[PDB]
Amino acid sequence: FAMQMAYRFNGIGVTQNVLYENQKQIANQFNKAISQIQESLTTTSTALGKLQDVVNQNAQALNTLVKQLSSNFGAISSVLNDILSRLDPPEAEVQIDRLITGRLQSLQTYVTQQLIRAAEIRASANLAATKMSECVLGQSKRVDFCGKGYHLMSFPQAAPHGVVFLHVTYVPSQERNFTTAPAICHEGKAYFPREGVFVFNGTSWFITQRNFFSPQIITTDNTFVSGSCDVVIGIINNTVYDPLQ
Amino acid sequence: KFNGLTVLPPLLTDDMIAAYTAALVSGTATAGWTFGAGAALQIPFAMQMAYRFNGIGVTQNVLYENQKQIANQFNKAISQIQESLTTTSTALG
Amino acid sequence: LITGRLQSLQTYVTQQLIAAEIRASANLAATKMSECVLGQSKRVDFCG
Amino acid sequence: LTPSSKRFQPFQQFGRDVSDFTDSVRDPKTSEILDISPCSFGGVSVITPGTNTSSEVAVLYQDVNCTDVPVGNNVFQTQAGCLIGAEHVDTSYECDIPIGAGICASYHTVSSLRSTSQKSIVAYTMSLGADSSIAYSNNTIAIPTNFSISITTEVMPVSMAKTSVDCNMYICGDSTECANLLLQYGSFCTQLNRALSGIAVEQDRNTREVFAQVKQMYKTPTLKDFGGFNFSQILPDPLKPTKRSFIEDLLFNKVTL
Amino acid sequence: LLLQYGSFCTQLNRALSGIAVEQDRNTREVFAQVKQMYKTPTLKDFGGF
Ligand SMILES: *[C@@H]1O[C@H](CO)[C@@H](O[C@@H]2O[C@H](CO)[C@@H](O)[C@H](O)[C@H]2NC(C)=O)[C@H](O)[C@H]1NC(C)=O
Ligand SMILES: *[C@@H]1O[C@H](CO)[C@@H](O[C@@H]2O[C@H](CO)[C@@H](O)[C@H](O)[C@H]2NC(C)=O)[C@H](O)[C@H]1NC(C)=O
Ligand SMILES: *[C@@H]1O[C@H](CO)[C@@H](O[C@@H]2O[C@H](CO)[C@@H](O)[C@H](O)[C@H]2NC(C)=O)[C@H](O)[C@H]1NC(C)=O
Ligand SMILES: *[C@@H]1O[C@H](CO)[C@@H](O[C@@H]2O[C@H](CO)[C@@H](O)[C@H](O)[C@H]2NC(C)=O)[C@H](O)[C@H]1NC(C)=O
Ligand SMILES: *[C@@H]1O[C@H](CO)[C@@H](O)[C@H](O)[C@H]1NC(C)=O
Ligand SMILES: *[C@@H]1O[C@H](CO)[C@@H](O)[C@H](O)[C@H]1NC(C)=O
Ligand SMILES: *[C@@H]1O[C@H](CO)[C@@H](O)[C@H](O)[C@H]1NC(C)=O
Ligand SMILES: *[C@@H]1O[C@H](CO)[C@@H](O)[C@H](O)[C@H]1NC(C)=O
């Protein structure tokens, strides 16, 4: 499991060392987070209305239909048998025809609105399958599709008529200002940092990634030479340490 | 107001929509692509442009070496789109 | 009169409901916001 | 009726608008035209907090120029109309039960009636968000130092309650006189049945689509731990006869039926 | 006669009202994807852009 988490961090821009050195606290926080989800759904909080709402109208829809049956449309008698019993077949036929027309109309109302809801459920559920394939199965670089911020992984939970996703996501914090420059002029020759940003803590400059402040000595491998110093805007003077030197 | 008709004004008015758009653009200007991920963090715009190229497939050196030209062309582009939407167009159709 | 005007309003309501395309466009707009406005998109042809 | 300004043709008397309703009528005594409109026909609406919270209520009518509604406190006139029993306050919050047109109403501790705290319903213009400050320094970057993990619930519907109906029983309900008059109406309920049947099988396929992306039924691990991480809730506990997640055991109950 | 008819009024109003609330809901999703309003920077130009 640790391997998988480390590679997933590599899928986010943070290097393996972070996970292999902070597994203790990070798993602690993971267990915590699972616990807060447990309690959050445990209370009477109804943050499942998206799964609730749908069934409601179903019943409501059915109710309308049922109640509409009790209703008589241009009909003296709502129940047909009284219409049969009360009048001559010719005029009773007119009454029956009115009732049939109206009831059939109600049936069309029901069927049309049901098709519409079927279409909506179709769109939602195709989204559901896409979320299943893109989040749970694989770490997605696509932002906000699975969860806010960078995506670590996902987990499904079946619920009546629907699915409830849990997203394990990464969120940085504890901001710090730093003085930075686009590039470094080493010996009259510009250098550009690779997969990293130059920073200055106040004493000397350093190289670090975006989402975890870790200073490293600027080295030949950590950069590549390209173009003269002059062309670069805002380039600064410094030295690059050469390990083999 | 015609024999039973009514239109309901939107919950958000156009002004707050414009304010949201302004905030979005300002954020993309200052904090870059990060503020979509949780909190915002401030980045120089040249930094963010170079990072975006390194995302696309060329190293940051090209962008920094040719910053002036890309800036000019970007300004010309916003200019020509300004002119195009200035002209009566079917883009809104 | 009741029969005709009722079915007429019914037809209007049905067409207005056929709203769904607008909603789908809205959802794609939301994804377009989140995925390109808020960051780089390695997916091709989705944005420009 | 209001005085009319847009002129008429001298011989022409009556004016009917685009929809041919009378925009104006020329007075027969004095050949002067009067603009004609239908006047307000409002839709009554109620704002009400939780009955647990209170019983005081507010109302809105959309068709209002406050004068042109019979009897209010300070009746606060919005483009949505003017409401009763609340007060406009110049503070701003996140929006609450929304009036619209820039107005949101909340059951708030009044905070204006001193310490009585009548918690009166109050309307306000919403706060788009908490203000944030930032300065663009051409050579200053911001870096985070501390990583956090917060897991959030997403909820997505996938199915439909699979329902079916017989045409004959719904429309007629067991009168032999029917299905003859009904038969005259052709094949209606035939497609009215086929459509729902196709819908039903379509949701069934959808359910299989959403969940059965699996390759094979992998065996559930015995130990519930993994390298320190805890999964105990999401996995099905072998001990529990439910053979489902504690989370799902909770979930089946939380939804109300 | 409408009273003799059944609740058609109710279904129509419910459907259209749901349409309206749906519309406002879509608008909010599309535009409200930011947690904090950011003050517009005073200088419109950055780094030559
Ligand atoms: C700023 O960078 C300097 C240069 O590395 C840091 O000074 C070193 O700090 C480490 C940490 O214990 C020591 O092992 C080294 O001996 C220090 N070197 C020198 C020359 O003093 C300094 O700690 C950094 N400060 C901050 C706030 O980041
Ligand atoms: C980086 O160092 C180089 C070498 O010292 C600087 O180049 C010259 O520095 C001298 C300082 O004695 C200046 O008088 C010259 O005008 C510089 N340019 C020449 C000789 O062409 C360079 O200016 C330094 N850059 C920074 C940003 O410190
Ligand atoms: C992020 O901040 C938290 C809050 O303090 C850190 O958590 C504690 O950190 C201190 C020292 O760093 C430890 O002594 C405690 O044991 C930590 N407690 C918990 C519950 O985590 C956390 O370490 C910080 N992140 C990193 C990477 O250091
Ligand atoms: C994994 O987490 C579960 C749930 O938090 C732990 O089970 C709980 O253990 C405590 C301590 O004995 C009990 O008080 C709870 O009643 C248990 N709850 C459930 C649902 O079993 C479990 O011990 C943890 N396991 C590991 C290896 O961390
Ligand atoms: C550091 O960042 C804070 C934002 O929290 C800002 O108010 C402050 O002015 C910054 N200071 C420097 C020296 O950049
Ligand atoms: C950065 O800004 C400061 C003050 O606004 C200015 O003095 C300096 O020349 C600028 N440098 C670059 C590289 O933009
Ligand atoms: C309408 O008739 C009255 C009664 O004779 C007369 O006084 C008035 O001037 C007339 N108005 C006209 C002709 O506009
Ligand atoms: C409401 O009536 C007042 C008084 O006549 C008027 O000043 C105001 O413009 C009216 N507002 C409307 C019609 O919206």
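Protein chains in written order, with the entry's author numbering: chain B, 881 to 1125; chain P, 837 to 929; chain G, 979 to 996, 998 to 1027; chain Y, 539 to 609, 626 to 811; chain H, 735 to 783.
We put the beta carbon where it would ideally sit given N, CA and C, even for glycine.
Between residue i and residue j, how many whole angstroms is the CB-CB distance? I'm expecting something under 8 Å.
i, j, result
"Y/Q767", "B/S1013", "6 Å"
"Y/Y678", "Y/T645", "6 Å"
"B/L960", "Y/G727", "6 Å"
"B/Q1019", "B/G891", "5 Å"
"B/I956", "B/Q975", "7 Å"
In whole angstroms, what separates the C-alpha of residue i from that of residue j?
i, j, result
"Y/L637", "Y/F579", "16 Å"
"G/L987", "B/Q940", "21 Å"
"B/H1047", "B/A907", "15 Å"
"B/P1036", "B/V1016", "7 Å"
"P/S925", "G/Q994", "28 Å"
"Y/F800", "Y/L789", "8 Å"
"B/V1023", "Y/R798", "31 Å"
"B/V1077", "P/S920", "38 Å"
"Y/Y739", "Y/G683", "59 Å"
"Y/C732", "Y/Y724", "11 Å"
"B/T989", "G/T992", "9 Å"
"Y/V563", "Y/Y599", "30 Å"
"B/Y1030", "Y/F701", "11 Å"
"Y/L811", "Y/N692", "59 Å"
"Y/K808", "Y/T796", "16 Å"
"G/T981", "H/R748", "20 Å"
"Y/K673", "Y/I657", "18 Å"
"Y/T730", "B/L967", "16 Å"
"G/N1006", "B/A1005", "14 Å"
Are the C-beta atoms of residue i and some chain H residue less than 8 Å apart?
i, result
"Y/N693", "no"
"P/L928", "no"
"Y/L539", "no"
"Y/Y647", "no"
"G/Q1019", "no"
Going by beta-carbon coordinates alone, are residue i and residue j separated by less than 8 Å?
i, j, result
"Y/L750", "Y/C721", "no"
"B/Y1121", "B/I1097", "yes"
"Y/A689", "B/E1055", "no"
"B/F1045", "Y/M710", "yes"
"H/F783", "P/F871", "no"
"B/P1123", "P/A886", "no"
"Y/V584", "Y/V597", "yes"
"Y/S687", "H/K778", "no"
"Y/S681", "Y/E641", "no"
"P/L847", "Y/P698", "no"
"H/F765", "G/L984", "no"
Residue i versus chain H: which residues are under 7 Å apart at the beta carbon?
i, result
"G/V991", "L746, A749, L750"
Going along chain P in order, which residues have a C-beta closer than 7 Å to the C-beta of residue i?
i, result
"B/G1107", "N897, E901"
Could you work out which residues of chain H lie near residue i, taking near to mean beta carbons separated by less than 8 Å?
i, result
"P/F881", "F780, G781, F783"
"Y/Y772", "The contacting residues do not exist; Y/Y772 stays about 36 Å from chain H at best."
Applying a beta-carbon distance threshold of less than 9 Å, which residues of chain B neighbour residue i?
i, result
"H/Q738", "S951, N952, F953, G954, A955"
Give a yes or no on whether the minimum CB-CB distance between residue i and chain B is below 8 Å.
i, result
"P/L877", "yes"
"P/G872", "yes"
"Y/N700", "yes"
"G/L979", "no"
Is any beta-carbon of chain P found at less than 8 Å from that of residue i?
i, result
"H/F765", "yes"
"H/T761", "yes"
"B/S958", "no"
"Y/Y690", "yes"
Does the beta carbon of residue i sit closer than 8 Å to a beta carbon anywhere in chain G?
i, result
"H/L777", "no"
Please list, in chain order, the chain H residues whose beta carbon lies closer than 9 Å to that of residue i.
i, result
"B/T944", "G740, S741, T744, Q745"
"G/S986", "Residues of chain H passing the Cβ test: none, with the nearest at roughly 11 Å."
Hey, is residue i's beta-carbon within less than 8 Å of any beta-carbon in chain Y?
i, result
"B/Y1050", "yes"
"P/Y887", "no"
"P/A858", "no"
Mind listing the chain G neighbours of residue i? Cutoff is C-beta to C-beta under 9 Å, in chain order.
i, result
"P/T864", "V1016, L1017"
"residue 932 of chain P", "Any property of residue 932 of chain P remains undetermined from this structure, which presents chain P solely from 837 to 929."
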